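Take a look at the structure set out below.
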There are 2 protein chains.
Amino acid sequence: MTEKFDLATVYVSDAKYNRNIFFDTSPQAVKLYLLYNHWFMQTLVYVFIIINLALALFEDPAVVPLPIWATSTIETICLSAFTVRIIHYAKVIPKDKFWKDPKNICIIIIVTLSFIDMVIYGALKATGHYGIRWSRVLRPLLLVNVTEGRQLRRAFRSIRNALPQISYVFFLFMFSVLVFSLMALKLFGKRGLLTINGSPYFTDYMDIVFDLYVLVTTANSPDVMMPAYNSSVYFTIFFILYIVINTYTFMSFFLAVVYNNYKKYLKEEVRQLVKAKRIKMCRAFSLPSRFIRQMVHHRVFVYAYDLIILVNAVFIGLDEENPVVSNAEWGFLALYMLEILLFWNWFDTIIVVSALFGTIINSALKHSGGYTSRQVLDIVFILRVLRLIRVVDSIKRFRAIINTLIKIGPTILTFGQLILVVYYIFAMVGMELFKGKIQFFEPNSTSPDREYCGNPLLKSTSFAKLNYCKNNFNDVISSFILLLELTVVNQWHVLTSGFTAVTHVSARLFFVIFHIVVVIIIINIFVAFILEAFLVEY
Amino acid sequence: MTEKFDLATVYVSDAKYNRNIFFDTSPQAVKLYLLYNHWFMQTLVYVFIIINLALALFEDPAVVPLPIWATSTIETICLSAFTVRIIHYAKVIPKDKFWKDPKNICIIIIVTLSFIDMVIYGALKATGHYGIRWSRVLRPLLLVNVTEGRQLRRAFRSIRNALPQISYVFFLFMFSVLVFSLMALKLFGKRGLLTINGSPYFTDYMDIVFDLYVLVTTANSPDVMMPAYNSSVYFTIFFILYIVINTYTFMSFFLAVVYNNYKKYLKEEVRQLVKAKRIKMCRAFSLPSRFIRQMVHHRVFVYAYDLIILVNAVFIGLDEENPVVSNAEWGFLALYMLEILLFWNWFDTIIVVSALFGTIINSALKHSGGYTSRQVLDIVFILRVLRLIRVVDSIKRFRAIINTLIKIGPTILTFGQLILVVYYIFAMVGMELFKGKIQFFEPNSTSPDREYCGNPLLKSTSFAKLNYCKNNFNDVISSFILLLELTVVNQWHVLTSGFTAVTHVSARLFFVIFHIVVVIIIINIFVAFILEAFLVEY
Ligand code: NA
């Protein structure tokens with residue numbers, strides 16, 4: 001009636017959410033909900049999470065060194081924003097189900113732990129303990145256990161359900177690796193002959209099992225077997241079997257398990273949100289020449305601009321800065337500018353107006369200071385070749401991608417932050433162990449400081465003399481890059497062998513665990529998506 | 001009646017086949033069918049195909065050099081066996097549908113071409129033409145287009161149907177690679193600065209597109225970007241985008257397409273064989289102490305032998321040939337031998353009797369000639385650690401694998417020869433281009449013959465000084481090994497860079513095409529199986 005109508009609106013206006021609220025009895029206790037779910041607070045909590053995360057750019061290893069008093073008073077207001085949001089949520093939900101939700105317990109827990117760690121990082125006269133801030137790994141868990149993370153903490157239950165099977169299979173896989181390592185130890189071994197390059201080939205077991213594990217990841221496929229294939233071809237059979245048993249059978253059994261669990265949780269996000277919709281949504285019931293320019297387009301006219309684009313991609317990859325081509329970049333700019341004579345019309349318009357910034361080239365190269373020569377060209381040419389993507393219209397296959405790019409569809413946003421929660425936890429953990437062991441040195445630097453590697457323990461390794469030096473964990477920027485080239489598994493064993501040469505050999509576990517959680521059950525949860533999105537879309 | 005009963009039997013006795021026969025009118029024209037489909041002829045044609053294939057061990061580059069008159073009179077009888085089988089088949093099927101089948105046209109075609117090439121390899125006074133035998137690539141096509149290859153030539157129609165989609169997607173993928181290569185050429189480029197190691201980084205386009213293609217295959221993930229990440233971190237964004245667009249999105253779109261087509265052809269092998277069954281099958285209608293040893297087993301007794309096995313895997317990986325352990329290998333042999341006091345009982349019995357060949361160790365080490373010391377141990381120890389696989393019973397998960405290993409189930413046999421048809425076609429093609437360019441040299445050989453690489457064009461490359469020398473195409477054995485480490489894609493660009501350094505740079509197409517057909521649409525057709533076999537098995 002006079003106020004139940006509003007309760008009805010707030011029950012119906014969520015044709016997408018999934019939760020229970022306080023059914024209004026005090027007329028401000030539903031206004032507090034309407035303010036809670038209000039888009040601006042929903043984006044304010046996310047920008048406050050992003051500030052809290054990106055605080056890692058400044059703190060212990062910093063790309064921008066900021067004083068501790070200054071990078072603590074930022075996450076003090078971040079944690080205060082989370083506290084004010086959680087007490088406001090408690091003012092929305094009655095004090096019956098607020099206390100039971102794990103999400104709320106976890107939120108107040110990680111806020112309390114971050115706030116206690118922040119002040120116990122009151123160093124107390126430089127008692128720096130050579131590594132602190134054990135709560136930075138809890139920062140990306142706000143991204144999950146926040147009230148708006150229903151799209152993520154649901155996608156975390158999908159993995160929580162996959163573990164009694166992923167581990168069920170990984171036990172068999174690690175047993176295969178361990179029995180194959182025993183088989184290879186009784187083969188070429190301490191009771192064997194051959195070497196690799198000044199090293200004994202397969203002599204100790206704990207190095208065999210790692211060299212055989214990394215062969216599953218095929219980071220060293222033709223090199224781990226090149227001795228003992230230089231010795232006898234019959235040794236090859238061992239690796240032929242190992243690869244087809246582990247690299248292809250097991251590493252695809254993990255994908256099968258991950259895809260099965262994803263496919264099984266998709267029908268329990270839907271059909272459990274659908275029932276979570278009709279609960280409330282149904283409860284509301286109980287609660288001249290101008291004619292010519294108009295007709296040229298719907299003709300052979302896109303074929304004229306699919307050729308002008310094509311001849312434009314030939315006027316790009318031939319530049320030697322001759323008047324033939326240095327002026328022609330202006331003509332093509334005008335040709336698309338008439339396309340302003342009425343998906344792509346959204347994208348196409350963005351590029352042409354951004355390409356009209358070739359005037360900046362005129363106003364910043366021949367005069368007015370040419371100090372920004374390479375930078376502005378590397379941003380206009382990366383933009384001209386972006387026009388080229390619309391030449392794909394000639395195949396009639398990109399007006400049908402905005403459906404595969406369906407409206408915003410936070411699924412690709414959910415994974416985009418799922419890879420962040422994992423990277424941030426490993427970057428934070430990683431950069432406290434290998435904080436400043438190796439370091440990229442400028443090409444003209446103090447060579448007597450051992451500039452060819454960073455520190456003499458990489459005196460002659462395959463990490464040095466391969467220019468891997470900007471892969472250090474010395475800051476969250478160059479530590480997120482490293483975790484990429486660790487994700488894409490090429491030569492992850494030599495990146496590992498550069499961090500187990502400056503630290504103990506046990507650091508091998510940090511990168512093995514990383515590969516297990518990222519490449520086996522995070523990249524596969526990605527392939528499981530663009531597999532599911534491809535088959536069941538009809 | 002008097003003979004229709006036999007026609008009825010031969011129509012019913014095939015509860016698994018799919019074909020039409022001659023309905024008997026001349027009483028020998030169905031006896032010829034019964035003899036045709038007779039198991040012995042069916043295995044004789046396959047051993048004759050295997051002889052014809054394995055003839056490559058002897059012919060042009062040989063592991064065993066056999067005279068041309070002698071390795072031609074073997075495939076003369078092989079082609080005669082195929083001719084006698086095809087004329088016998090023509091004597092089975094009436095001369096109406098025999099001539100129309102492609103399979104028959106293709107069989108007589110490849111037989112005629114092999115037989116013409118075999119005699120035109122009547123060299124005519126050493127006119128060797130530096131490479132002949134253009135019909136060896138047709139040898140593995142008998143494996144497909146033979147009458148018993150219905151399990152394979154059907155699995156080839158699955159790929160023939162996937163091509164209008166795999167190419168549909170590969171066009172977009174190669175366009176992405178080509179536009180990204182243009183974007184990287186206008187980036188760090190001839191109008192750029194940086195180098196790699198004495199080389200210019202990304203200057204010419206046809207090398208950028210290959211270095212960017214191989215980055216999709218992630219064979220050079222952290223090395224292709226290490227310069228221009230040693231120059232500016234903002235260049236990383238380019239590769240971060242390239243990898244997530246190509247390495248993970250496209251390379252999984254290929255898997256999605258392959259798996260969709262496999263899943264779509266599975267329901268057209270079944271439900272088209274099922275209708276191919278009820279056609280004929282229904283047409284038949286119209287046409288004391290002994291008590292103790294008996295009861296110890298069904299008790300805690302497998303737990304006693306799951307521990308004896310466990311302590312046996314500790315009595316294996318500690319051997320230093322002491323009397324403690326050199327005798328203990330006999331005791332464990334006896335312990336399992338009592339397990340002969342009544343899936344595994346099949347497998348377990350095989351290992352224990354094969355492990356009783358430790359008597360050969362006694363009769364061939366301490367006396368009677370110890371010239372076979374390493375060889376017989378490397379075959380008994382690879383066998384003891386095979387006992388260990390039954391310790392998996394303690395998890396209760398391998399009596400349920402003989403269902404995933406269902407009765408013979410030629411599907412895993414169909415793929416096992418599908419990888420052979422592809423390898424044999426590339427080994428035959430490959431070993432006629434790079435026949436003897438590089439060659440593995442023994443560790444004590446004529447160094448002045450350029451033994452560190454094989455030939456001076458690999459003077460200082462990453463193919464030499466990495467011990468890649470037994471990867472040559474110099475014989476079908478070491479050419480099938482190479483195509484494995486080409487299949488498992490680690491460092492396929494440096495194996496390529498060793499063959500494009502002895503031949504023209506255009507040889508890059510042989511390995512790019514190989515990766516496209518093996519890693520993209522053959523390994524994915526394998527993952528599509530153990531994905532399909534895992535989900536739809538209920
Ligand atoms: Na790789």
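Convention: chains lettered A, B, ... in structure tokens order; per-chain residue numbering from 1; ligands numbered from 1 as shown.
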
If DSSP is run on the backbone, what residues of stretch 72-186 of chain B are helix (DSSP H, G or I)? A reply as a PyMOL selection string would be ideal. chain B and resi 72-92+102-120+136-145+147-186

List the neighbours of stretch 364-381 of chain B out to 9 Å using only C-alpha atoms; skip same-chain residues closer than 4 positions along the sequence, and give me the result as a compact mmCIF listing (two decimals) with N, CA, C and O atoms, in the first residue's frame.
# COMPACT_ATOMS: atom_id res chain seq x y z
N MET A 183 61.67 -44.93 -12.21
CA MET A 183 62.04 -45.70 -13.39
C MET A 183 63.21 -45.07 -14.13
O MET A 183 64.06 -45.79 -14.67
N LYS A 186 66.57 -45.68 -11.99
CA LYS A 186 67.16 -46.99 -12.23
C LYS A 186 67.64 -47.17 -13.65
O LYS A 186 68.50 -48.02 -13.91
N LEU A 187 67.13 -46.36 -14.58
CA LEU A 187 67.69 -46.16 -15.91
C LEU A 187 68.90 -45.27 -15.73
O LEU A 187 69.55 -45.34 -14.69
N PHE A 188 69.27 -44.51 -16.76
CA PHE A 188 70.38 -43.57 -16.64
C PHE A 188 70.39 -42.92 -15.27
O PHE A 188 69.43 -42.25 -14.88
N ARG A 191 74.01 -45.30 -11.27
CA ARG A 191 74.52 -46.47 -11.97
C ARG A 191 74.31 -46.28 -13.47
O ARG A 191 73.70 -47.09 -14.17
N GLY A 192 74.83 -45.17 -13.96
CA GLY A 192 74.79 -44.85 -15.37
C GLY A 192 76.05 -44.14 -15.76
O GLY A 192 77.03 -44.14 -15.02
N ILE B 316 64.20 -50.13 -3.99
CA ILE B 316 64.61 -49.91 -5.37
C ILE B 316 65.40 -48.62 -5.52
O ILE B 316 66.49 -48.62 -6.10
N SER B 354 57.80 -62.37 -15.22
CA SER B 354 58.86 -61.65 -15.92
C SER B 354 59.97 -61.23 -14.97
O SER B 354 61.11 -61.06 -15.40
N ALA B 355 59.65 -61.06 -13.69
CA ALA B 355 60.66 -60.74 -12.70
C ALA B 355 61.43 -61.96 -12.23
O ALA B 355 62.52 -61.81 -11.67
N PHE B 357 62.98 -63.63 -14.10
CA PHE B 357 64.14 -63.60 -14.97
C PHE B 357 65.34 -62.95 -14.29
O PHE B 357 66.36 -62.72 -14.95
N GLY B 358 65.23 -62.64 -13.00
CA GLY B 358 66.40 -62.36 -12.20
C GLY B 358 67.35 -63.53 -12.07
O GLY B 358 68.50 -63.33 -11.67
N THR B 359 66.89 -64.74 -12.39
CA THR B 359 67.80 -65.86 -12.52
C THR B 359 68.80 -65.64 -13.64
O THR B 359 69.96 -66.04 -13.54
N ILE B 360 68.36 -65.00 -14.73
CA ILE B 360 69.27 -64.65 -15.81
C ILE B 360 70.39 -63.76 -15.30
O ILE B 360 71.53 -63.87 -15.76
N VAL B 385 59.73 -51.72 -10.92
CA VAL B 385 59.01 -50.48 -10.63
C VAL B 385 57.67 -50.50 -11.35
O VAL B 385 56.84 -49.60 -11.15
N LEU B 386 57.44 -51.50 -12.19
CA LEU B 386 56.12 -51.71 -12.77
C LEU B 386 55.17 -52.40 -11.81
O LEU B 386 53.95 -52.23 -11.94

At a cut-off of 6 Å, which residues of chain B touch chain A? Count only C-alpha atoms and give the answer as a list in words.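 Here they are: residues 183, 187, 221, 222, 256, 378, 382, 485, 490 and 531 of chain B.
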
I'd like a table as a Markdown table: residues in stretch 338-426 of chain A with an atom no more than 12 Å from stretch 286-304 of chain A, each row giving the shortest atom pair and its distance in Å to one decimal, only C-alpha atoms counted, sorted by chain and rising residue number.
| residue | atom | partner | partner_atom | distance |
| --- | --- | --- | --- | --- |
| A:338 | CA | A:293 | CA | 11.4 |
| A:339 | CA | A:297 | CA | 9.8 |
| A:340 | CA | A:297 | CA | 11.8 |
| A:341 | CA | A:293 | CA | 8.4 |
| A:342 | CA | A:297 | CA | 8.6 |
| A:344 | CA | A:302 | CA | 12.0 |
| A:390 | CA | A:302 | CA | 10.5 |
| A:391 | CA | A:302 | CA | 9.5 |
| A:392 | CA | A:302 | CA | 11.4 |
| A:393 | CA | A:302 | CA | 8.7 |
| A:394 | CA | A:303 | CA | 7.8 |
| A:395 | CA | A:303 | CA | 11.4 |
| A:396 | CA | A:302 | CA | 11.7 |

From the options A:417, A:258, A:274, A:519, which residue's atoms come nearest to ligand 1, counting only C-alpha atoms and all ligand atoms?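 Distance minimum relative to ligand 1 lands on A:519.
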
Restricting the calculation to only C-alpha atoms and all ligand atoms, which member of B:462, B:487, B:2, B:524 is positioned closest to ligand 1?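 Between B:462, B:487, B:2, B:524, the residue approaching ligand 1 most closely is B:487.
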
For residue B:25, work out the shell of residues within 12 Å, counting only C-alpha atoms and skipping chain neighbours fewer than 5 positions away, then give it as a ChimeraX atom specification. /B:3-4,6-7,30-31,92,94

Could you give me, as a ChimeraX atom specification, the residues within 12 Å of residue B:278, counting only C-alpha atoms and dropping anything in the same chain fewer than 3 positions from it? /B:11-12,14-18,271-275,281-285

How about saving the chosen residues, N, CA, C and O atoms kept, as a PDB file, in the first residue's frame?
ATOM      1  N   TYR B  11      24.413 -61.724 -42.655  1.00  0.00           N
ATOM      2  CA  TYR B  11      23.804 -60.419 -42.413  1.00  0.00           C
ATOM      3  C   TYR B  11      23.684 -60.127 -40.925  1.00  0.00           C
ATOM      4  O   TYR B  11      23.700 -58.964 -40.514  1.00  0.00           O
ATOM      5  N   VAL B  12      23.566 -61.163 -40.106  1.00  0.00           N
ATOM      6  CA  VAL B  12      23.380 -60.980 -38.671  1.00  0.00           C
ATOM      7  C   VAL B  12      24.721 -61.021 -37.952  1.00  0.00           C
ATOM      8  O   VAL B  12      24.943 -60.274 -36.993  1.00  0.00           O
ATOM      9  N   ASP B  14      27.326 -59.787 -38.405  1.00  0.00           N
ATOM     10  CA  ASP B  14      27.957 -58.475 -38.329  1.00  0.00           C
ATOM     11  C   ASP B  14      27.049 -57.572 -37.501  1.00  0.00           C
ATOM     12  O   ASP B  14      26.253 -56.792 -38.025  1.00  0.00           O
ATOM     13  N   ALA B  15      27.171 -57.701 -36.183  1.00  0.00           N
ATOM     14  CA  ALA B  15      26.573 -56.772 -35.243  1.00  0.00           C
ATOM     15  C   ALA B  15      27.457 -55.560 -35.006  1.00  0.00           C
ATOM     16  O   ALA B  15      27.170 -54.757 -34.114  1.00  0.00           O
ATOM     17  N   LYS B  16      28.530 -55.417 -35.782  1.00  0.00           N
ATOM     18  CA  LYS B  16      29.462 -54.308 -35.623  1.00  0.00           C
ATOM     19  C   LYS B  16      29.845 -53.622 -36.923  1.00  0.00           C
ATOM     20  O   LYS B  16      30.287 -52.470 -36.873  1.00  0.00           O
ATOM     21  N   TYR B  17      29.694 -54.263 -38.078  1.00  0.00           N
ATOM     22  CA  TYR B  17      30.172 -53.712 -39.335  1.00  0.00           C
ATOM     23  C   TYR B  17      29.204 -52.669 -39.884  1.00  0.00           C
ATOM     24  O   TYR B  17      28.177 -52.347 -39.284  1.00  0.00           O
ATOM     25  N   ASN B  18      29.556 -52.136 -41.054  1.00  0.00           N
ATOM     26  CA  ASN B  18      28.708 -51.186 -41.774  1.00  0.00           C
ATOM     27  C   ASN B  18      29.118 -51.247 -43.246  1.00  0.00           C
ATOM     28  O   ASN B  18      30.128 -50.662 -43.642  1.00  0.00           O
ATOM     29  N   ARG B 271      24.135 -43.692 -34.362  1.00  0.00           N
ATOM     30  CA  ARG B 271      22.882 -43.211 -34.936  1.00  0.00           C
ATOM     31  C   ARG B 271      22.946 -43.118 -36.451  1.00  0.00           C
ATOM     32  O   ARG B 271      21.959 -42.736 -37.088  1.00  0.00           O
ATOM     33  N   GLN B 272      24.089 -43.443 -37.044  1.00  0.00           N
ATOM     34  CA  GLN B 272      24.188 -43.736 -38.463  1.00  0.00           C
ATOM     35  C   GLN B 272      24.741 -45.130 -38.685  1.00  0.00           C
ATOM     36  O   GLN B 272      24.515 -45.716 -39.748  1.00  0.00           O
ATOM     37  N   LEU B 273      25.470 -45.667 -37.708  1.00  0.00           N
ATOM     38  CA  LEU B 273      25.745 -47.095 -37.662  1.00  0.00           C
ATOM     39  C   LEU B 273      24.565 -47.857 -37.078  1.00  0.00           C
ATOM     40  O   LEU B 273      24.275 -48.979 -37.501  1.00  0.00           O
ATOM     41  N   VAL B 274      23.876 -47.258 -36.104  1.00  0.00           N
ATOM     42  CA  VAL B 274      22.699 -47.894 -35.524  1.00  0.00           C
ATOM     43  C   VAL B 274      21.632 -48.113 -36.587  1.00  0.00           C
ATOM     44  O   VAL B 274      21.015 -49.182 -36.654  1.00  0.00           O
ATOM     45  N   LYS B 275      21.398 -47.113 -37.434  1.00  0.00           N
ATOM     46  CA  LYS B 275      20.516 -47.325 -38.574  1.00  0.00           C
ATOM     47  C   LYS B 275      21.167 -48.222 -39.613  1.00  0.00           C
ATOM     48  O   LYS B 275      20.465 -48.873 -40.393  1.00  0.00           O
ATOM     49  N   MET B 281      20.116 -56.380 -39.828  1.00  0.00           N
ATOM     50  CA  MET B 281      19.764 -57.254 -38.714  1.00  0.00           C
ATOM     51  C   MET B 281      18.273 -57.550 -38.690  1.00  0.00           C
ATOM     52  O   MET B 281      17.875 -58.686 -38.412  1.00  0.00           O
ATOM     53  N   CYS B 282      17.440 -56.561 -39.006  1.00  0.00           N
ATOM     54  CA  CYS B 282      16.012 -56.790 -39.159  1.00  0.00           C
ATOM     55  C   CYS B 282      15.649 -57.364 -40.520  1.00  0.00           C
ATOM     56  O   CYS B 282      14.603 -58.011 -40.639  1.00  0.00           O
ATOM     57  N   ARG B 283      16.484 -57.151 -41.543  1.00  0.00           N
ATOM     58  CA  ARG B 283      16.220 -57.759 -42.841  1.00  0.00           C
ATOM     59  C   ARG B 283      16.267 -59.274 -42.773  1.00  0.00           C
ATOM     60  O   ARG B 283      15.661 -59.937 -43.621  1.00  0.00           O
ATOM     61  N   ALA B 284      16.970 -59.832 -41.784  1.00  0.00           N
ATOM     62  CA  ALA B 284      17.035 -61.282 -41.635  1.00  0.00           C
ATOM     63  C   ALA B 284      15.645 -61.880 -41.477  1.00  0.00           C
ATOM     64  O   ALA B 284      15.365 -62.967 -41.997  1.00  0.00           O
ATOM     65  N   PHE B 285      14.763 -61.188 -40.756  1.00  0.00           N
ATOM     66  CA  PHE B 285      13.377 -61.625 -40.659  1.00  0.00           C
ATOM     67  C   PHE B 285      12.744 -61.766 -42.034  1.00  0.00           C
ATOM     68  O   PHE B 285      12.040 -62.747 -42.296  1.00  0.00           O
TER      69      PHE B 285
END

Separation of atom CA of residue B:265 and atom CA of residue B:142, in Å?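 Separation of atom CA of residue B:265 and atom CA of residue B:142: 22.7 Å.
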
Can you work out the spacing between atom CA of residue B:161 and atom CA of residue B:90 in Å, to one decimal? 29.0 Å

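With only C-alpha atoms taken into account, the protein and nucleic acid residues at most 10 Å from stretch 103-110 of chain B (excluding it and anything under 3 positions from it in its own chain) are residues 79, 82, 83, 86, 87, 89, 90, 97, 98, 99, 100, 113, 114, 115, 116, 135, 136, 137, 138, 139, 141, 142, 144, 145, 146, 147, 149, 150 and 153 of chain B.
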
Output of the above residues as a compact mmCIF listing (two decimals), in the first residue's frame, restricted to N, CA and C atoms:
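See part_36.txt below for the written result:
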# COMPACT_ATOMS: atom_id res chain seq x y z
N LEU B 79 52.24 -54.51 -52.71
CA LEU B 79 51.27 -54.01 -53.67
C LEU B 79 50.52 -55.14 -54.36
N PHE B 82 47.81 -56.09 -51.93
CA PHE B 82 46.71 -55.15 -52.03
C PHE B 82 45.91 -55.33 -53.32
N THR B 83 46.58 -55.62 -54.43
CA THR B 83 45.88 -55.88 -55.68
C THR B 83 45.00 -57.12 -55.58
N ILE B 86 42.01 -56.30 -53.53
CA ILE B 86 41.03 -55.41 -54.14
C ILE B 86 40.27 -56.12 -55.25
N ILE B 87 40.93 -57.02 -55.98
CA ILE B 87 40.20 -57.78 -56.99
C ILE B 87 39.31 -58.82 -56.32
N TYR B 89 37.83 -58.25 -53.39
CA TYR B 89 36.71 -57.41 -52.98
C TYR B 89 35.78 -57.13 -54.15
N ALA B 90 36.33 -56.82 -55.33
CA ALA B 90 35.51 -56.65 -56.52
C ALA B 90 34.77 -57.93 -56.88
N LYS B 97 28.42 -50.93 -57.50
CA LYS B 97 28.89 -50.00 -56.49
C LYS B 97 30.38 -50.11 -56.22
N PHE B 98 31.04 -51.11 -56.80
CA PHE B 98 32.48 -51.22 -56.63
C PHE B 98 33.19 -50.05 -57.28
N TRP B 99 32.64 -49.53 -58.37
CA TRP B 99 33.36 -48.56 -59.17
C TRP B 99 33.14 -47.12 -58.72
N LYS B 100 32.10 -46.95 -57.99
CA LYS B 100 31.79 -45.70 -57.53
C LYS B 100 32.42 -45.37 -56.26
N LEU B 113 50.13 -45.81 -58.56
CA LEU B 113 51.17 -44.80 -58.43
C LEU B 113 52.39 -45.34 -57.70
N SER B 114 52.20 -46.10 -56.62
CA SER B 114 53.34 -46.72 -55.97
C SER B 114 54.08 -47.65 -56.91
N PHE B 115 53.35 -48.44 -57.70
CA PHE B 115 54.00 -49.37 -58.60
C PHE B 115 54.67 -48.69 -59.78
N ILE B 116 54.15 -47.55 -60.24
CA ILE B 116 54.81 -46.82 -61.31
C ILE B 116 56.05 -46.11 -60.79
N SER B 135 55.98 -41.33 -54.09
CA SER B 135 54.81 -42.13 -53.75
C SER B 135 54.88 -42.68 -52.34
N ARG B 136 55.99 -42.48 -51.63
CA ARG B 136 56.08 -42.91 -50.25
C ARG B 136 55.10 -42.17 -49.35
N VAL B 137 54.65 -40.99 -49.75
CA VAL B 137 53.64 -40.29 -48.97
C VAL B 137 52.27 -40.90 -49.15
N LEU B 138 52.07 -41.72 -50.18
CA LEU B 138 50.81 -42.41 -50.41
C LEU B 138 50.72 -43.73 -49.67
N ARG B 139 51.82 -44.20 -49.10
CA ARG B 139 51.83 -45.45 -48.36
C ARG B 139 50.88 -45.42 -47.17
N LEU B 141 48.26 -43.85 -46.79
CA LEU B 141 46.88 -43.67 -47.21
C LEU B 141 46.18 -45.00 -47.47
N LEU B 142 46.94 -46.07 -47.71
CA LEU B 142 46.36 -47.40 -47.65
C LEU B 142 45.78 -47.67 -46.28
N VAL B 144 44.21 -45.81 -44.53
CA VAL B 144 42.93 -45.12 -44.41
C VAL B 144 41.93 -45.74 -45.37
N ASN B 145 42.28 -45.80 -46.64
CA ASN B 145 41.32 -46.13 -47.68
C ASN B 145 41.21 -47.62 -47.93
N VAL B 146 41.74 -48.45 -47.04
CA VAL B 146 41.51 -49.88 -47.13
C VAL B 146 40.11 -50.21 -46.62
N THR B 147 39.61 -51.38 -47.00
CA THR B 147 38.24 -51.76 -46.66
C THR B 147 38.02 -51.90 -45.16
N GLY B 149 39.43 -49.96 -43.01
CA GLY B 149 39.67 -48.66 -42.42
C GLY B 149 38.40 -47.86 -42.20
N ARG B 150 37.25 -48.54 -42.22
CA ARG B 150 35.99 -47.87 -41.93
C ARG B 150 36.02 -47.16 -40.59
N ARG B 153 38.64 -43.95 -42.08
CA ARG B 153 38.10 -43.08 -43.11
C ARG B 153 36.79 -42.44 -42.70

Neighbours of residue A:411 within 9 Å (only C-alpha atoms; same-chain residues fewer than 5 positions away dropped), as a list in words?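 In the requested form, the answer reads residues 151, 152 and 416 of chain A.
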
Store the residues picked out above in a file with N, CA, C and O atoms, as a PDB file, in the first residue's frame.
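File written: selection21.pdb
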ATOM      1  N   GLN A 151      29.147 -12.448  -8.098  1.00  0.00           N
ATOM      2  CA  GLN A 151      29.554 -13.014  -9.371  1.00  0.00           C
ATOM      3  C   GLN A 151      30.897 -13.722  -9.293  1.00  0.00           C
ATOM      4  O   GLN A 151      31.241 -14.468 -10.214  1.00  0.00           O
ATOM      5  N   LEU A 152      31.655 -13.523  -8.218  1.00  0.00           N
ATOM      6  CA  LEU A 152      32.960 -14.150  -8.057  1.00  0.00           C
ATOM      7  C   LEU A 152      32.968 -15.218  -6.977  1.00  0.00           C
ATOM      8  O   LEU A 152      33.385 -16.348  -7.238  1.00  0.00           O
ATOM      9  N   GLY A 416      38.753 -12.021 -15.322  1.00  0.00           N
ATOM     10  CA  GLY A 416      39.773 -10.989 -15.357  1.00  0.00           C
ATOM     11  C   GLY A 416      40.251 -10.556 -13.990  1.00  0.00           C
ATOM     12  O   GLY A 416      41.385 -10.083 -13.863  1.00  0.00           O
TER      13      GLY A 416
END

Gap from atom CA of residue B:133 to atom CA of residue B:121 - Å, one decimal: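 Atom CA of residue B:121 lies 7.0 Å from atom CA of residue B:133.
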
When distances are computed from only C-alpha atoms and all ligand atoms, which of B:413, B:335, B:216, B:228 shows the smallest separation from ligand 1? B:216
